[PDB]
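Working through the structure, step by step
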Amino acid sequence: XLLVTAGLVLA
Amino acid sequence: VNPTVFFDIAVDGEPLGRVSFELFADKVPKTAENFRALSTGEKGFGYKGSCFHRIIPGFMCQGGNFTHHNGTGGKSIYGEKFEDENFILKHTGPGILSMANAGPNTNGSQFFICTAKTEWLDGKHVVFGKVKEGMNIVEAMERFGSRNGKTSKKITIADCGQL
């Protein structure tokens, strides 16, 4: 999808 | 008075130009202060030499990672992580500066610069600043991204500090 994470990047 | 900071951006080592940000210390002083201090490098570490490793055209540019002892992802000036200070400010449009995280209360050093309104992230990412000048630079960076975030040239913060 459109997330801004730090390590487990998701869709 | 809200502090201003600057990044001098390079593309494959070649300086493109400067971007400056107003940090909203009047609203999230702790989050603003972390970013300011990592920009000046005054604690002995920070954004200088760091890179924008994930750029999604239409969405945002994310950077602020650097290697440190005792874990990964970046560290803040207060420790390995710190609390979501508040969610007063929303992701209102292009230029917004907001903290990347790995869930609640996991702020460190990573952040992103929005290239669009990203309302779906309100309440989950602490907004804390906004591009002041050099959005043309951020728009130029954005072209080097892709749907999956991989950049076709290496986008770095050649230098940074406070104005």
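Anything mentioned here points back to the structure above.
To start, this report covers the structure provided alongside it. (Residues numbered from 1 in each chain as written, not as in the entry; some residues may be left out. Chains lettered and ligands numbered in written order. Heavy atoms only, no water. Residues with missing side-chain atoms left out of burial classes, pairs and counts.)

Points about the overall build of chain B
Per the secondary structure count, chain B includes two helices and eight strands. Ordered by position in the sequence, the α and β elements of chain B form the string β-β-α-β-β-β-β-β-α-β. The C-alpha radius of gyration of chain B comes to 14 Å, within 12% of the 15 Å expected for a compact globule of 163 residues. For chain B, buried positions account for 50% of its 163 residues. By sequence separation, contacts in chain B at least 24 residues apart represent 68% of the contacts at least 6 residues apart. Of the roughly 7,700 Å² that chain B leaves accessible, carbon and sulfur atoms contribute 49%. (Helix = DSSP H or I, 4+ residues; strand = E, 2+ residues; numbered from the N terminus. Rg over C-alpha atoms; globule rule 2.2 N^0.38 Å. Buried < 20%, exposed > 50% of the residue type's maximum accessible area, 1.4 Å probe, protein only. Contact = heavy atoms within 4.5 Å. Areas by Shrake-Rupley, 256 points an atom, 1.4 Å probe, with all protein chains shown as cover.)

Observations concerning the interface of chain A and chain B
Each partner contributes to the interface: chain A provides six residues, whereas chain B provides 13 residues. Each partner contributes to the roughly 810 Å² buried at the junction of chain A and chain B, and carbon and sulfur atoms together form 64% of this total. Its largest share of buried area at the contact with chain B, chain A owes to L2, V4 and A6 of chain A, together 71% of the area lost on that side. Scanning the region where chain A abuts chain B turns up zero salt bridges. Applying the counting rule to chain A against chain B returns four residue pairs in polar contact. (Buried area = accessible area lost by both parts, 1.4 Å probe. Salt bridge = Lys/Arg side-chain N within 4 Å of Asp/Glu carboxyl O. Polar contact = N/O pair within 3.5 Å; in protein donor to acceptor, adjacent residues only side chain to side chain.)

Examining helix α2 (residues 135-142) of chain B
It helps to recall that an α-helix has 3.6 residues per turn; residues three or four apart then point in one direction. Burial analysis of α2 of chain B places six of its eight residues in the buried class, which makes it a mostly covered element. When we look at burial in α2 of chain B, the residues that qualify are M135, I137, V138, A140, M141 and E142 of chain B.

Details of the sheet that holds strand β2 (residues 14-23) of chain B
Residues and elements named next belong to chain B. Strand order in the open sheet formed by eight strands is β3-β4-β6-β5-β7-β2-β1-β8, with antiparallel pairing between adjacent strands. Every other strand in the sheet has two partners, leaving β3 (54-56) and β8 (155-162) as the edge strands with one partner each. With strand direction ignored, the average angle separating the axes of adjacent strands in the sheet is 25°. Of the pairings in the sheet, the one linking strand β4 (residues 60-63) to strand β6 (residues 111-114) comprises four bridges and is antiparallel in character. Across the sheet, the residue bridging to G63 is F111, located in β6. Contacting β1 (4-11), β2, β3, β4, β6, β7 (127-133) and β8, α2 runs over the sheet at an angle of about 120° to β2. (Pairing = 2+ DSSP bridges. Axes fitted to C-alpha atoms, helices over the stretch in contact; angles between N-to-C directions.)

Notes on the environment of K117 of chain B
Residues and elements named next belong to chain B. Among the structural elements, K117 can be located in the loop between β6 and β7. When the C-alpha positions of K117 and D26 are compared, they lie 22 Å apart, and in sequence the two are 91 residues distant. Setting aside anything within four residues of it in sequence, one finds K117 in contact with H91, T92, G93 and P94.

What to know about the environment of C61 of chain B
Residues and elements named next belong to chain B. Along the chain, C61 turns up in strand β4. Since its relative accessible area comes to 0%, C61 is described here as buried. Residues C61 and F111, spaced 50 residues apart in sequence, show a C-alpha to C-alpha distance of 8.4 Å. Discounting chain neighbours no more than four positions away, the residues touching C61 are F52, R54, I55, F111, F112, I113, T115, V138, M141 and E142.

Some words on the pairing of β1 of chain B
Residue and element names in this part refer to chain B. Within β1, seven of the eight residues are buried, which leaves the element mostly enclosed by the surrounding structure. Sheet topology places β1 next to β2; eight bridges connect them, and they run antiparallel. Bridging from a neighbouring strand, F7 pairs with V19 of β2. Connecting β1 to the next strand, β2, in antiparallel fashion are two residues, including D12 with a positive phi near 45°.

In short, shape yes, function no, at least from these values alone.
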